[PDB]
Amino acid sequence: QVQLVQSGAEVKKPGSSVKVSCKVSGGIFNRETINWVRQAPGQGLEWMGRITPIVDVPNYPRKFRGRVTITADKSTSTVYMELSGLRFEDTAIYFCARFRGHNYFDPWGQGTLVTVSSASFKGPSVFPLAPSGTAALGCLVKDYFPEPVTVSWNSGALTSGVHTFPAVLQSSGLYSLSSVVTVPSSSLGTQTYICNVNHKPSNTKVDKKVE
C-alpha cells in the first residue's frame, strides 16, 4: 500500500541546482529504503543513490561524487534528491523507487522531468479551437517552454473522445501542442467545455471555455 508521489517538473539554468521530492505514504516511513534513478532522453536507467530514514546516511555511486545530496524528513514523510552544478546532460526524468527484497524496486514514483537550459521558462498562450453527427473542438496551447504540459477537460470530468496531441518544437525553441475532443453536435448548445492547461515549469494554470 506504499505510494510514492514526486514534485512537479522544473527548468533550471546550467550551474544551478534542483531539489526533487518523493512523498512516501502507506508504510513505515522510517524503515523504507528510498532509491533515486534517472533516465535521460535516448538513454537507459541510471542509479543515483539511496537513503533509509532510520539510518539517515545516504549512499551514492562515485559517478556523481559531490553533486547529489539525498535527505529525509520524518516531519513530512518525504525524501529529497538535490543535484548541484547542473549540466545540459542532466536533463532527464528523475524517479524515486522503494527497495524490496534487498535487491529490486517496487513501487516507483511517477517521475519528475528536470530540464536544464539557458532559456528561462515560459508559460503558454491558450486559444480556443471553435467547432464546425459529432463535432470537434479543442484548445491550442502555444509557445511554452519547456516540456511538459498537461491538458484536461472539464477538470477531468470529460475523458471520452479527448485526444491530446504531442507537442511540436518550433524555430523559437518553444513548444506548442493541441488537445481536441470529439463530441455530439447536439449538446454543443447546452454542454459547456473547458480545457484546463497546466505548465508546471512556469507555474501557470489556464482554464479556457471553448465555443
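Heads up: residue numbers just count along the shown sequence, starting at 1.
The gap between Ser132 and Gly133 holds 4 to 9 unmodelled residues of the deposited sequence. Between the stretches 100-108 and 136-144, it is 136-144 that shows the larger average CA temperature factor.
Relative to one another, 90-98 and 71-79 have unequal mean CA B-factors, and 71-79 is the one with the higher figure.
Across the options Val57, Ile34, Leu45, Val162, the residue with the most elevated CA B-factor in the record is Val162.
When the Cα B-factors of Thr150, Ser178, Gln39, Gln170 are read from the PDB record, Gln170 comes out highest. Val210 sits in the highest third of its chain by CA B factor, as recorded in the PDB entry. Sort the chain's modelled residues by C-alpha temperature factor and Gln3 lands in the middle third, per the entry. Sorting the modelled residues of the chain by their CA temperature factor places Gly189 in the highest third. Among the modelled residues of the chain, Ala9 sits in the lowest third by CA temperature factor in this PDB entry.
When the modelled residues of the chain are ordered by C-alpha B-factor, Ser120 sits in the highest third.
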